[PDB]
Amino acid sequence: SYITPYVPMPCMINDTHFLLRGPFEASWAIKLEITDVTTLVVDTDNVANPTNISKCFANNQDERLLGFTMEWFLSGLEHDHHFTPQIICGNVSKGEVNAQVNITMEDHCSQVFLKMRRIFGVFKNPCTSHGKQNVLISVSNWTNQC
């Protein structure tokens, strides 16, 4: 198989906060926050799916590298046709997160949890408890958190 060079540096803050530092020691990092807080609402222009979630990082600088990193992150989930979480892009210029990933479905939550447990290791399972669950994806600055 082919080996991608755009592998981030993972670092887990806590059971609900995770960072993927951009490859080659980038000055940025993808921030992943597991939270039941809904910040975004369906709009005619912001609906996305796993296949074009990269379009939630359009106005960002080094958008190519961001797309490569998100591609690495979603390997094994985007190819799955039974992994259909609602994804809402956000207006980063208005202070909103880059993407909101609806993981309310027990199976979608389970898939995301297992991918992140392969990446970061053991942490609290968010799908045990029911109710709304989201993964907020944003781009933050690297301040040597780890």
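Don't overthink the numbering: it's just position in the shown sequence, from 1.
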query	finding
Which of 37-45 and 97-105 has higher mean CA B factor, as the PDB entry lists it	37-45
Per the entry, higher mean C-alpha B factor between 51-59 and 25-33	51-59
Residue with highest C-alpha B-factor in the PDB entry, from 92, 119, 112, 65	92
Residue of maximum C-alpha B factor among 3, 139, 146, 7, per deposited coordinates	146
